[PDB]
Each structure stands twice: as structure tokens, then as C-alpha cells.
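Down below is the structure, laid out as C-alpha cells.
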Amino acid sequence: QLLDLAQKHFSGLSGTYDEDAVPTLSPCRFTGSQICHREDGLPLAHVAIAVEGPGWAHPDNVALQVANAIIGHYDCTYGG
Amino acid sequence: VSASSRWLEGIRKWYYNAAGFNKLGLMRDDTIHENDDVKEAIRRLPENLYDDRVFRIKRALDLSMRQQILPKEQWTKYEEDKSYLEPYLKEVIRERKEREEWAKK
Amino acid sequence: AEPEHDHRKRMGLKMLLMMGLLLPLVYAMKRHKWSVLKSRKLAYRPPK
């Protein structure tokens with residue numbers, strides 16, 4: 001049903017395509033750095049701290065996620 | 001108004017330039033020693049002036065540390081050195097002096 | 001008057017040769033840690 005509809009409504013993006021402008025993503029350099037927006041008029045401070053992760057495809061995203069689960073998450077409304 | 005009163009003003013502009021806080025982007029009132037009357041005057045400043053004051057002090061301490069000075073164009077011009085603390089500090093001393101006149105009788 | 005003469009000139013060379021290795025090295029250690037402040041950039045963004 002779905003494949004029929006895709007030929008029914010999405011066909012008409014061929015004829016001739018790409019060729020002249022092939023746009024592949026270049027890698028993005030991670031920098032160990034700090035951004036500090038001091039604002040004492042805001043009631044509570046927000047901090048986000050991160051190292052460079054490996055990316056979508058890497059098999060060891062599973063193992064990192066397990067450790068991230070061990071640390072987990074908290075919230076003042078949690079019963080625990 | 002006078003030729004010699006323009007000379008006192010030019011000697012004052014000389015000293016101002018020799019003092020060289022303007023080289024660090026500071027205004028004159030930024031550089032004042034913090035006593036009790038002064039602390040209160042800072043306390044009494046509006047939000048916009050306090051925030052600017054904080055940044056100017058921040059900038060100059062940063063320059064002081066890296067032993068640098070601002071580009072010549074960015075120096076505080078003697079003519080436009082806004083004496084923002086003046087009326088606040090004058091009012092605090094006015095109030096102190098009254099208390100002291102009262103504490104005398 | 002100075003029996004130690006020869007020995008002090010010897011350790012004195014060792015003092016100079018060590019300091020010549022240590023002075024730039026401790027300098028580079030201090031310069032490394034301080035580069036966080038030396039290259040720090042300020043921006044002031046007051047409301048409207």
C-alpha cells in the first residue's frame with residue numbers, strides 16, 4: 001500500500017538529478033572550551049558539561065548509554 | 001571663559017592623560033577608593049549604571065592582568081568622562097554630615 | 001680560608017645547568033595554566 005503511494009506521489013524527482021552539486025558533510029572539530037554567561041538576576045544556574053562523543057554509527061554508544069543510565073537523571077519531584 | 005582658565009583645563013586634560021585610566025577604558029569614578037560613603041553611592045546607583053560600572057572594572061582588570069592597554073580610539077576622552085557617581089556621593093556625604101551635626105548637640 | 005672552594009664551584013655549575021633546564025620548564029607550566037585567562041574573551045550584553 002505504501003510503496004504504491006510513493007510511486008503515485010513522490011515520482012517526479014528523477015529525469016536527471018545531482019551531478020553538478022554533490023554536498024557531503026565535512027567533520028566538525030570539537031574544542032575543549034568554556035562559555036560563561038554570568039547573569040545574577042536569574043534565580044538558578046544552568047550548567048551543561050560534555051566531552052566529544054563518537055557519533056551515530058559507533059558500536060560503543062550502547063556502553064556509554066549504560067553508564068549514563070547508572071548516573072541517570074534527577075528532579076526535585078522524584079519520590080526516591 | 002578665560003585664556004588662563006583654558007590653560008588650567010588643558011593642564012587638567014594633561015594630568016587626566018598622564019593618570020592613564022582611560023587607556024584601560026575606565027571612567028574617573030571607576031577608579032575611586034571604596035569607603036563607606038562610596039560603597040553606599042555604588043549601592044544607590046541605578047541598574048544600567050551599576051552594570052556598565054561592573055563591566056568597565058571587569059575589562060580593566062583583564063587588561064591589567066594581560067599587561068595590555070586599549071587601542072587609542074577606545075580610550076575614555078577627558079571631555080566625555082561622565083561623572084556618574086558625583087550626585088550620589090555628594091548626597092551620601094550630605095546625609096552623613098547632618099547625622100554628625102545632630103550627634104553634636 | 002675556603003677549603004670548600006672547588007666543591008662550591010662544582011655544585012654551582014650544577015645549580016646553573018639545572019636552573020637553565022628548570023626555569024623555562026616551570027615558566028611553561030605556569031604559562032600553560034594561565035593561557036585559560038590570557039586568551040579569555042569578554043563580551044558585555046546589557047538588555048535592550
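Every chain in the C-alpha cells takes a letter, A first, then B, and so on in the order presented; its residues are numbered from 1, and the ligands are numbered from 1 following the presented order.
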Which residues of chain C are close to chain B, meaning at most 10 Å apart when you count only C-alpha atoms, and how do they look as a ChimeraX atom specification?
/C:37-47
Please identify all residues of chain A having at least one atom at most 12 Å from any atom of chain B, considering only C-alpha atoms, and return them as a PyMOL selection string.
chain A and resi 38-41
Can I get the selected residues back with N, CA, C and O atoms, as a short mmCIF file (atom, residue, chain, number, x, y, z; two decimals), in the first residue's frame?
data_model
loop_
_atom_site.label_atom_id
_atom_site.label_comp_id
_atom_site.auth_asym_id
_atom_site.auth_seq_id
_atom_site.Cartn_x
_atom_site.Cartn_y
_atom_site.Cartn_z
N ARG A 38 27.41 35.00 32.73
CA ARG A 38 27.07 35.45 34.07
C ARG A 38 25.80 36.31 34.03
O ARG A 38 25.70 37.26 33.22
N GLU A 39 24.80 35.88 34.80
CA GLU A 39 23.57 36.63 34.99
C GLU A 39 22.98 36.38 36.37
O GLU A 39 22.17 35.47 36.56
N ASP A 40 23.33 37.27 37.31
CA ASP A 40 22.89 37.17 38.72
C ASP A 40 21.42 37.54 38.99
O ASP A 40 20.92 37.36 40.12
N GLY A 41 20.72 38.01 37.94
CA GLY A 41 19.30 38.28 38.02
C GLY A 41 18.43 37.06 37.78
O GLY A 41 17.21 37.14 37.91
#
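Between atom CA of residue 27 of chain A and atom CA of residue 48 of chain A there is a distance of 22.5 Å.
Here atom CA of residue 36 of chain A and atom CA of residue 29 of chain C stand 24.8 Å from one another.
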